[PDB]
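One structure is given below, encoded as structure tokens.
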Amino acid sequence: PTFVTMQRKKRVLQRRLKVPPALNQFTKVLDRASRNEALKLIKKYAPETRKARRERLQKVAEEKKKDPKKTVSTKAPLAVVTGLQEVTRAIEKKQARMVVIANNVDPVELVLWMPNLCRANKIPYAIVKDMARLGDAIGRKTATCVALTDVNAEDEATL
Amino acid sequence: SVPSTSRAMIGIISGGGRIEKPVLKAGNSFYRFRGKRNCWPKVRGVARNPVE
Amino acid sequence: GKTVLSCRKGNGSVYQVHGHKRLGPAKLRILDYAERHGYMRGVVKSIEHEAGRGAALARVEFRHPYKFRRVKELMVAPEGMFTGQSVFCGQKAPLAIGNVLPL
Amino acid sequence: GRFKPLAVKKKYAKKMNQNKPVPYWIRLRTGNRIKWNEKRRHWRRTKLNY
Amino acid sequence: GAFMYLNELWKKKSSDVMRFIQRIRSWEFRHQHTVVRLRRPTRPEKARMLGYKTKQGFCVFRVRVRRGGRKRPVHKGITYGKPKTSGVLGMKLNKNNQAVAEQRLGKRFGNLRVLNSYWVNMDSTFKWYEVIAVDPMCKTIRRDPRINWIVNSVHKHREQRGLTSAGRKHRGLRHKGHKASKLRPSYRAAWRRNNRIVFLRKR
Amino acid sequence: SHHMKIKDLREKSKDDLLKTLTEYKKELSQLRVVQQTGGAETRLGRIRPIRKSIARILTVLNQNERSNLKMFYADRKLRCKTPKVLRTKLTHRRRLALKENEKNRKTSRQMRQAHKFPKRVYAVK
Amino acid sequence: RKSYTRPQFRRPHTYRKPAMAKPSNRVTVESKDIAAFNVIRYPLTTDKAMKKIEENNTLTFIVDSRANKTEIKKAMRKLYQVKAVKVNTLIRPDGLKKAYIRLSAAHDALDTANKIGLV
RNA sequence: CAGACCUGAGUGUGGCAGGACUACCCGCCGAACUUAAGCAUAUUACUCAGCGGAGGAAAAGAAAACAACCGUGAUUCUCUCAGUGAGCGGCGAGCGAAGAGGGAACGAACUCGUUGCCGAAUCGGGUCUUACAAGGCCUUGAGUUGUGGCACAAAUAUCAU
RNA sequence: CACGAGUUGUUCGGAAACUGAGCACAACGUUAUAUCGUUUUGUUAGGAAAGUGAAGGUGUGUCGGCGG
RNA sequence: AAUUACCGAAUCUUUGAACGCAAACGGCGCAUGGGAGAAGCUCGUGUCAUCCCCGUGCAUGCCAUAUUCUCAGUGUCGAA
Ligand SMILES: [K+]
Ligand SMILES: [K+]
Ligand SMILES: [K+]
Ligand SMILES: [K+]
Ligand SMILES: [K+]
Ligand SMILES: [K+]
Ligand SMILES: [K+]
Ligand SMILES: [K+]
Ligand SMILES: [K+]
Ligand SMILES: [K+]
Ligand SMILES: [Mg+2]
Ligand SMILES: [Mg+2]
Ligand SMILES: [Mg+2]
Ligand SMILES: [Mg+2]
Ligand SMILES: [Mg+2]
Ligand SMILES: [Mg+2]
Ligand SMILES: [Mg+2]
Ligand SMILES: [Mg+2]
Ligand SMILES: [Mg+2]
Ligand SMILES: [Mg+2]
Ligand SMILES: [Mg+2]
Ligand SMILES: [Mg+2]
Ligand SMILES: [Mg+2]
Ligand SMILES: [Mg+2]
Ligand SMILES: [Mg+2]
Ligand SMILES: [Mg+2]
Ligand SMILES: [Mg+2]
Ligand SMILES: [Mg+2]
Ligand SMILES: [Mg+2]
Ligand SMILES: [Mg+2]
Ligand SMILES: [Mg+2]
Ligand SMILES: [Mg+2]
Ligand code: NA
Ligand code: NA
Ligand code: NA
Ligand code: NA
Ligand code: NA
Ligand code: NA
Ligand code: NA
């Protein structure tokens, strides 16, 4: 089928032609051993699901209704920053201890500037092998980038 | 000059010497072109009008 | 003025080929793996006349290199081709009249 | 002759049914203006050509 | 925000990295069809500016138009009358290629409402535009105030009537005041006003 | 006279209506024989009352069926699969048009601005 | 990956759920019993028609022009309780269809003609 | 191996397009007769014919607008500007507007993207409430390659109770 | 001209059910414009257009055969 | 149960954008509900092969969708 031929021919001339440094940097990914450990830390601080978030807010509502005078915190448990808009703000405000960027984002212009933005802000970053593996860690289908803003005390040595 | 991997059949093509016989008749030219195409008889341009 | 008859002939219309009663295009057999590496043996089955062509045509019977069936090519016969002749087509074919060889 | 489509035969059949004179009692109605059929047809005068 | 980096990235279109990215895409777009439906826009920042939202009922298509000027379709390049109207190759269509791409999409799929379009690529022989279309029968579209208007019937085939942004461009509606007096509200509306003969009752 | 009253027809069941329909269709067919074989003028005057009684029988049968089927599909679970013949016709445009509910959809900011600054009724002295 | 023995790709056969049956869009009440009255309209009482009754055991009827020869045989059974061993049909030059219905020897065409009322 | 997600097929389910009308209106395409006492630029005319597309009107419309003032204030229309000491034109035949001014109308204004603060609070689909609720509950289904909320000059918080 | 009639098929002609010179729906491309082009030289379409199915496995019916 | 006028409930043949496929053919289908069935089986009752009749769905494209349906790719991974 024409789509089978064109996806294979695509890969051929991404190697035949001279690729500038801004795109070649995504073919030089983090090694497998460190990629697995990073994904395990991202999965440990994955965002809460729809069910988990709504049960937490339901409890917070009850603790609010127990005494309307006192204010109950609605803060979510510590997790990773996920999403192009939110991860970018963590870099610009310099709240990200580490940023994990996926190498196969298409269009590449979504994240082509993340290595240069992290480098300008002196923020550790890594380009990893799949955006679906990043999505699996956080519980979605795909993920362009993930930032770790903080970890618990028992996970500071791992970070 | 052609690539050496192009094929050729040995010998001459059959039916040679056909042009050697006079046709002698406008009717024999009628049957020769009946299997070829519509190109005969041939009017000379000097015998036409300036419009054509 | 009006259109010249030589230009009118490029439209097709009544100036096309009288292809009815023609057997078809006369061609060598496909340059397949057997042709490129070994040879294919065929048998001349008939010598035919095609309307509008002055050279004789030959129907040569080959076996299918991959399937259980016959192929029946049709090519322009060289002079001396006879019915029952064995035709060799390929790299390893001998230099005899009627054989198809690489140049 | 013998061949005709059934659709053509059915148009010719309606034209045959319309080729009748006005009934006599139509002329005796109160505000009547019809005396003869003005749409009479003869096969030799006018052709339907169906 | 992240938009600021995609916006400034697409202003450096002649850079080496962007010339590489566009060369792989233009090669790929050549071996596709004239109209191609996409799950997601090639430029999400540009699509969102022009009305696209990642909601149910928003569609993106990539449409191909052949580049070059308009050749007048006269037999054998033979034209009659005053020599002023004798040109065949040098004349140019009074409608831009973005409007032609929108109209070719809209005529092909009449169940969709064309909203906008944007430039994504051009090659020596082709130009590619991505057209945002909306489904009027979608419940999400029909309950959203920000896109509710397109369900109305005045917006049927608005691209065929020159009402899209590309159509407004070649109508001269980018300009106002003394740059647009003869073409406002339309060239025919201005013509009728200047050329109709007025007969006041008492005169 | 062969005139079926509509009030009497609307009290019959579907079985009695179909039995009456067969009885009137059979008697109309016997009157078509009388048309060919001469026939009394008083007998040929019974054709029109019968043909309209057949129409009355078929009107009650079809009016009952449509209202019974409209009640069946009025259930909340069956409203999606209602046959288009039983749906409201209106007009092609009115069926595709935005409803009053969807037309009046407002954003959160639009609703708040209409609550903050409602239009007032006033006069001048 | 798979092994393909043909020189070109063809679409694989996947699971196809069959189409469901919708609620009927025709809800008009149609009586099965009165359908025979549409097939058989009325008899013909001309000289040729009367001639065939006595000697050919044949009844001549004007029928539906779209009616079938097999349907005319069934309608004669429902309406007149007779068996037709042969039906010959022609579409008349005025558009009507006339049927030549021959009854079995068990049935007298004159007796059934009297019951119809064409005597 | 499985498996994923990217791209793309097949089928089921719910819908839409298709044609008519086309006076007016919107987009394109587009003559020539005629006038110039000839004719080619010009005129007829950015018109007829041709191809598309809507509606009860359409289109336009909330300043990247006029002006040059003591300043006006979205659009559309009318008188007027003005057959013009504007201008265009074998500067010939001919063509030819705009600001201002008196009025009609006018509750006339809003929405998104962006930027800051949030971050699925969003949308479909089931089921319940007399309800295909702008509602509750559930739902990976879609969406984090971002939809929704708050504030951006008619402004100086919103978010609790 | 008026009125009334007349055309009867398992086998006759056609269709169901063939190919020809050819046409041009789909598909694709083109065109401001599809109302344009390609569409039989074995034959559509950058083209995933086969819904049909040899053997074999699973049960039903109709049997032959061995043993009890 | 007059007849007129008006309209809320209905009927609405063959076609036609015409759309199962065709067409100087009132032609030919595939799925699914029925109907009638004088052969055969059963005890004129039931049932009913071939044949015949009728309702509904079935064009192409697009959008959305799937109790989250079935698949393809020397696309990217990931595990073997
Ligand atoms: K005529
Ligand atoms: K004006
Ligand atoms: K459908
Ligand atoms: K003159
Ligand atoms: K507008
Ligand atoms: K004013
Ligand atoms: K005969
Ligand atoms: K065509
Ligand atoms: K039955
Ligand atoms: K694969
Ligand atoms: Mg000749
Ligand atoms: Mg001469
Ligand atoms: Mg004759
Ligand atoms: Mg004739
Ligand atoms: Mg032009
Ligand atoms: Mg016959
Ligand atoms: Mg003159
Ligand atoms: Mg002259
Ligand atoms: Mg002009
Ligand atoms: Mg016109
Ligand atoms: Mg008005
Ligand atoms: Mg409007
Ligand atoms: Mg103003
Ligand atoms: Mg004056
Ligand atoms: Mg002018
Ligand atoms: Mg937004
Ligand atoms: Mg006569
Ligand atoms: Mg042919
Ligand atoms: Mg050809
Ligand atoms: Mg091909
Ligand atoms: Mg049809
Ligand atoms: Mg059609
Ligand atoms: Na030819
Ligand atoms: Na004859
Ligand atoms: Na010319
Ligand atoms: Na139309
Ligand atoms: Na004139
Ligand atoms: Na004014
Ligand atoms: Na007569």
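Protein chains in written order, with the deposited numbering: chain A, 54 to 212; chain B, 157 to 208; chain C, 2 to 104; chain D, 2 to 51; chain E, 2 to 204; chain F, 2 to 126; chain G, 27 to 145.
From the three backbone atoms N, C-alpha and C, an ideal C-beta is built for every residue, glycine too.
Per DSSP, reduced to three states, the secondary structure at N95(E) is coil, with no helix or strand assignment. Non-local C-beta neighbours of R54(C) in its own chain, meaning closer than 6 Å and more than five positions away in sequence, are absent.
Every residue whose beta carbon comes nearer than 7 Å to a heavy atom of ligand 16 appears here in chain order: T115(G), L116(G). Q64(F) has its alpha-carbon roughly 36 Å from the corresponding atom of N153(E). Counting the other Cβ atoms within 10 Å of the Cβ of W192(E) gives fewer than 16, which makes it exposed. About 4 Å separates the CB atoms of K104(G) and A62(G); that is less than 8 Å, so the two are in contact.
Annotation: Cβ neighbours of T38(F) in chain G (cutoff 7 Å, chain order): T71, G143, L144. The criterion of a C-beta distance shorter than 8 Å is not satisfied by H38(C) and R193(B). At a cut-off of 8 Å between beta carbons, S160(B) contacts chain C. Fully enclosed beta strand (DSSP E) runs of no fewer than 3 residues occupy 40-49, 58-62, 74-77, 87-91 of the region 16-100 of chain C, in order along the chain. Residue state for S118(E) is assigned as strand, using DSSP reduced to three classes. Of the candidates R9(C), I48(C), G11(C), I48(C) places its Cα closest to the Cα of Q86(C).
Against chain F, a Cβ distance below 9 Å from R144(E) picks out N102, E103, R106. Per DSSP, the unbroken alpha helix (DSSP H) holding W192(E) starts and ends at 188-196. For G11(C), the distance from the CB to the nearest heavy atom of ligand 13 is not below 7 Å.
Membership of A196(A) in any beta strand (DSSP E) is not indicated, and neither H nor E is assigned to it by DSSP.
Not flagged as an interface residue toward chain E: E108(A), since no C-beta distance is shorter than 8 Å. If you check the C-beta of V152(E) against ligand 22, you find no heavy atom less than 7 Å away. The Cβ atoms of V199(A) and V133(A) sit closer than 8 Å to each other. When CB distances to chain D are screened at a threshold of 9 Å, the residues of the region 105-127 of chain G falling below it are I117, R118, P119, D120, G121, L122, in chain order. Contact annotation: in the region 120-135 of chain A, no residue has its CB less than 9 Å from a CB in chain E. Assignment of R109(E) by DSSP, reduced to helix, strand and coil, places it in the helix class. For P50(F), the enclosing alpha helix (DSSP H) stretches over residues 48-74. In the DSSP assignment, the residues bridged to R128(G) are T84(G), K112(G).
Every alpha helix (DSSP H) of 4 residues or more that sits fully in the region 126-194 of chain A is shown, in chain order, as 137-145, 167-173, 184-191. Under DSSP, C60(E) forms a beta bridge with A134(E). By the C-beta density criterion, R20(E) is exposed, having fewer than 16 other C-beta atoms within 10 angstroms. DSSP places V89(G) within a strand segment (E or B) once states are collapsed to three.
For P69(G), the enclosing beta strand (DSSP E) starts and ends at 66-69.
Taking the Cβ of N50(D) as the reference point, at least one heavy atom of ligand 1 falls within a distance shorter than 7 Å. The beta-carbon of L10(E) is placed less than 8 Å from the nearest beta-carbon of chain A.
Taking one beta carbon from each stretch, the region 135-154 of chain E and the region 69-80 of chain E have fewer than 3 pairs nearer than 8 Å; the two do not touch. DSSP, reduced to helix, strand and coil, places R3(D) outside both helices and strands of the structure shown, so it counts as coil. No Cβ-Cβ contact shorter than 8 Å links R31(E) with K128(E).
For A200(A), DSSP records a beta bridge to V134(A), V152(A).
Using beta-carbon distances, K40(D) does not count as an interface residue toward chain G, since no partner is under 8 Å.
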